[PDB]
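As structure tokens, the structure follows; a few thoughts come after it.
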Amino acid sequence: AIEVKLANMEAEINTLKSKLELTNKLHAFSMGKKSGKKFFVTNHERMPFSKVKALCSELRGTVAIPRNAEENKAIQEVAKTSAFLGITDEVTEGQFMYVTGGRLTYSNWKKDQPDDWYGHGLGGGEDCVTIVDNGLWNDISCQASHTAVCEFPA
Amino acid sequence: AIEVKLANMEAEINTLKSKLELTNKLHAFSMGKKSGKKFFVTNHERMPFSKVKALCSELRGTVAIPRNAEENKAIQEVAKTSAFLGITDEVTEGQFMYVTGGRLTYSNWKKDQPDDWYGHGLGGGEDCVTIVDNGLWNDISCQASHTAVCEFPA
Amino acid sequence: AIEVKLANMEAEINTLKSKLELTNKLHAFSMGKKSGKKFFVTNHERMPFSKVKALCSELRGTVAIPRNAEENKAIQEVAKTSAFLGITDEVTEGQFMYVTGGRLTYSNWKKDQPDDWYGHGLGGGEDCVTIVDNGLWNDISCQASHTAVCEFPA
Ligand SMILES: CC(=O)N[C@@H]1[C@@H](O)[C@@H](O)[C@@H](CO)O[C@H]1O
Ligand SMILES: CC(=O)N[C@@H]1[C@@H](O)[C@@H](O)[C@@H](CO)O[C@H]1O
Ligand SMILES: CC(=O)N[C@@H]1[C@@H](O)[C@@H](O)[C@@H](CO)O[C@H]1O
Ligand SMILES: [Ca+2]
Ligand SMILES: [Ca+2]
Ligand SMILES: [Ca+2]
Ligand SMILES: [Ca+2]
Ligand SMILES: [Ca+2]
Ligand SMILES: [Ca+2]
Ligand SMILES: [Ca+2]
Ligand SMILES: [Ca+2]
Ligand SMILES: [Ca+2]
Ligand SMILES: [Cl-]
Ligand SMILES: [Cl-]
């Protein structure tokens, strides 16, 4: 009976959907995702901010955004090098916004940062933000190439 | 049409099964799984034994258990810090057993361990086991938080 | 009812295909795949050449093959020790060919190599090639055990 075959096939599909969910949980776990916390991951490739945005979007994620000390340390450890954060004041100078919307709240600026430097020689000031090796932040040219770190929901 | 469509769906489902199996194989390989050998994975999160057990269970794995010096070495390599092992004397004080059942066939106890110590203030003695930095074992409170290391079959 | 169910099943299968593709993209990213570049992966296990071939084949990949300095560097960094490349002169002594077919177009041989040395006592000369610690190449016995590094398309 076609109905029986259809029913058995629906069961197979459900089994596969659960298997894939497990595959995703195992991968996240293997990559360091902590229980109930956002998942941060990188391919260790350095690229301009525009590229990071496109890459994370393709993966259905967003550019890493630290919203507290814990998340900051987590991203720092993942990146292990200067990486772009999803924060920018491209629109209005001095008004840093999350790529996901909203004005900047938590921050971990290095002393004297942000300074919107123009002397880097790339044109424009510094409208992007990078978390440096020590975990502190520094505004940088969005044209510069820093590590791509994407984040996925908790 | 209906029957031809249903027949294609079977092929679609079968093909997806094979692709997901291949995905799992590649993932195990990327996580360092050696041919015909079980493998260990961690997200580097520290939590109480009960949480590790539930977490590994959810991944269809088990809390890491060393059956020989090689596996013990592999687990410490994966963990990097003190991690719980799937061995406890919760059923009968003094008699350590595998969470998977049965008595120990291999041990690597640290000198003067196990000691079922109470001075840790967590209440009760020590019924769980952790592999320490240098591969040796120590019994610790199951309430204590140590690294979660899951094991997957060979 | 039957046709609506078949239509939903087609939709379920397509969503599953879509999610698996996303899972594969995320996995490659997490394993260091650089944008538009072929990627190399290893489980850090050492084995004879025939085993590496069988293994990478099972993963629907191929034994790593550098076609230029950049790829050679990438493989070197992934393996971090001597590893077999998909290059051999088994078909015609002295003529190194890619396992994927065709004569070498890029080479990075160490000084005095290849030498089809017999002194290893394994039998036969040296018909396989490994990339050594510094990125240079040496022909070695296909029967020797070196790191398995698989390659997947860009
Ligand atoms: C990597 C880094 O910190 N770069 C900063 C640059 O952004 C700008 O602030 C400049 C001002 O002199 O100082 C540099 O140290
Ligand atoms: C982490 C560790 O080793 N803890 C042990 C504890 O389990 C208990 O054995 C105590 C006895 O005095 O000694 C401690 O060093
Ligand atoms: C691992 C390695 O480099 N082996 C080489 C071997 O292939 C052969 O060339 C021999 C010549 O005497 O030298 C060895 O060092
Ligand atoms: Ca500006
Ligand atoms: Ca600015
Ligand atoms: Ca700055
Ligand atoms: Ca089709
Ligand atoms: Ca005890
Ligand atoms: Ca103890
Ligand atoms: Ca549904
Ligand atoms: Ca030869
Ligand atoms: Ca040689
Ligand atoms: Cl206990
Ligand atoms: Cl040979």
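Labels used: A, B, ... for chains in the order of the structure tokens, numbers from 1 for residues in each chain, and numbers from 1 for ligands as shown.
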
Practice problem: Up to 9 Å from chain C, what residues of chain A turn up? Count only C-alpha atoms and give them as a PyMOL selection string. | Solution: chain A and resi 2-3+6+9-10+13+16-17+20+23-24+27+31+41-45+55+58-60

Self-check item: residue 139 of chain C environment, 8 Å, only C-alpha atoms, sequence neighbours closer than 2 positions dropped, as a ChimeraX atom specification
Solution: /C:113-116,126-130,137,141

Practice problem: Could you please extract the residues within 12 Å of ligand 13, counting only C-alpha atoms and all ligand atoms, and hand them back as a VMD selection string? | Solution: chain B and resid 48 to 50 84 87 to 94 96 114 to 130 138 to 145

Store the residues picked out above in a file with N, CA and C atoms, as a compact mmCIF listing (two decimals), in the first residue's frame.
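Once everything was written out, this is part-v7.txt:
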# COMPACT_ATOMS: atom_id res chain seq x y z
N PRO B 48 29.91 19.58 36.73
CA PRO B 48 29.82 18.42 37.61
C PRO B 48 29.58 17.13 36.82
N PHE B 49 29.98 16.00 37.38
CA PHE B 49 29.85 14.71 36.71
C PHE B 49 28.48 14.44 36.10
N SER B 50 27.42 14.75 36.84
CA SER B 50 26.06 14.52 36.36
C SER B 50 25.81 15.22 35.02
N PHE B 84 36.74 14.46 34.05
CA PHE B 84 36.07 13.30 34.64
C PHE B 84 36.20 12.08 33.74
N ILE B 87 33.98 6.46 35.48
CA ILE B 87 34.28 5.47 36.52
C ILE B 87 33.90 6.11 37.85
N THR B 88 33.17 5.37 38.69
CA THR B 88 32.75 5.89 40.00
C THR B 88 32.60 4.75 40.99
N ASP B 89 32.65 5.05 42.28
CA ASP B 89 32.41 4.03 43.31
C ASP B 89 31.13 4.43 44.04
N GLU B 90 30.20 5.03 43.29
CA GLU B 90 28.94 5.46 43.87
C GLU B 90 28.05 4.31 44.31
N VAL B 91 28.14 3.18 43.61
CA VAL B 91 27.30 2.02 43.94
C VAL B 91 27.77 1.30 45.20
N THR B 92 29.08 1.16 45.34
CA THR B 92 29.65 0.51 46.51
C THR B 92 30.95 1.19 46.84
N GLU B 93 30.92 1.97 47.92
CA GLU B 93 32.08 2.70 48.40
C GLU B 93 33.33 1.84 48.39
N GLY B 94 34.37 2.34 47.74
CA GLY B 94 35.62 1.60 47.68
C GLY B 94 35.80 0.78 46.42
N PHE B 96 35.42 0.88 42.61
CA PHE B 96 35.22 1.67 41.40
C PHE B 96 34.74 0.80 40.24
N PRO B 114 42.84 6.09 45.41
CA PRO B 114 41.74 6.93 45.88
C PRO B 114 41.69 7.04 47.41
N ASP B 115 41.19 8.16 47.93
CA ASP B 115 41.11 8.35 49.38
C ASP B 115 39.75 8.74 49.95
N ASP B 116 38.74 8.85 49.09
CA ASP B 116 37.38 9.23 49.50
C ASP B 116 37.40 10.36 50.51
N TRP B 117 38.16 11.40 50.18
CA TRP B 117 38.33 12.55 51.04
C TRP B 117 37.05 13.36 51.29
N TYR B 118 36.91 13.89 52.50
CA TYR B 118 35.74 14.70 52.86
C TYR B 118 36.09 16.18 53.04
N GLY B 119 37.35 16.47 53.33
CA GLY B 119 37.76 17.85 53.56
C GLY B 119 37.48 18.90 52.49
N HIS B 120 36.92 18.50 51.35
CA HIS B 120 36.63 19.43 50.25
C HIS B 120 35.40 20.31 50.47
N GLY B 121 34.68 20.07 51.56
CA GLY B 121 33.51 20.88 51.87
C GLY B 121 32.28 20.78 50.97
N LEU B 122 32.36 20.02 49.89
CA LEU B 122 31.20 19.86 49.01
C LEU B 122 30.21 18.87 49.61
N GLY B 123 30.59 18.27 50.74
CA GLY B 123 29.74 17.30 51.40
C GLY B 123 30.00 15.93 50.80
N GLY B 124 29.96 14.90 51.63
CA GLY B 124 30.21 13.55 51.14
C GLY B 124 31.70 13.36 50.88
N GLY B 125 32.08 12.16 50.47
CA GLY B 125 33.47 11.87 50.19
C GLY B 125 33.79 12.18 48.73
N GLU B 126 34.40 11.21 48.06
CA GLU B 126 34.77 11.37 46.65
C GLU B 126 34.42 10.09 45.93
N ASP B 127 33.41 10.16 45.08
CA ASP B 127 32.97 8.98 44.36
C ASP B 127 33.24 8.99 42.85
N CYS B 128 33.75 10.10 42.34
CA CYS B 128 34.05 10.25 40.92
C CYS B 128 35.55 10.25 40.70
N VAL B 129 35.96 10.13 39.44
CA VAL B 129 37.37 10.07 39.11
C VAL B 129 37.77 11.05 38.02
N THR B 130 38.91 11.71 38.22
CA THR B 130 39.43 12.64 37.23
C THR B 130 40.83 12.22 36.82
N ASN B 138 42.75 10.58 40.19
CA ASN B 138 42.42 11.02 41.54
C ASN B 138 40.91 10.94 41.70
N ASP B 139 40.45 10.46 42.85
CA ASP B 139 39.02 10.42 43.09
C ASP B 139 38.68 11.81 43.63
N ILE B 140 37.57 12.36 43.14
CA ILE B 140 37.16 13.70 43.50
C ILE B 140 35.63 13.68 43.69
N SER B 141 35.09 14.72 44.32
CA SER B 141 33.65 14.80 44.53
C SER B 141 32.96 14.86 43.17
N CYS B 142 31.85 14.16 43.04
CA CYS B 142 31.11 14.16 41.79
C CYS B 142 30.47 15.53 41.59
N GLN B 143 30.40 16.30 42.68
CA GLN B 143 29.82 17.64 42.68
C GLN B 143 30.80 18.67 42.12
N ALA B 144 32.09 18.32 42.11
CA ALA B 144 33.12 19.21 41.60
C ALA B 144 32.99 19.35 40.08
N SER B 145 33.47 20.47 39.54
CA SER B 145 33.39 20.74 38.11
C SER B 145 34.71 20.50 37.41

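Checking A:133, A:56, A:40, A:112 one by one against ligand 6, counting only C-alpha atoms and all ligand atoms, you find the shortest gap at A:112.
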
Quiz prompt | Shell of 7 Å around residue 47 of chain C, only C-alpha atoms, local chain residues under 5 positions omitted, as a ChimeraX atom specification | solution = /C:52,145-148

Deliver the residues from the most recent selection as a file, using C-alpha atoms, as a PDB file, in the first residue's frame.
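Output saved as result.pdb:
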ATOM      1  CA  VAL C  52      45.793   6.993   2.786  1.00  0.00           C
ATOM      2  CA  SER C 145      53.909   5.026   7.160  1.00  0.00           C
ATOM      3  CA  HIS C 146      53.373   8.781   6.924  1.00  0.00           C
ATOM      4  CA  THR C 147      50.606  11.248   7.802  1.00  0.00           C
ATOM      5  CA  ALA C 148      47.286  10.982   5.940  1.00  0.00           C
TER       6      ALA C 148
END
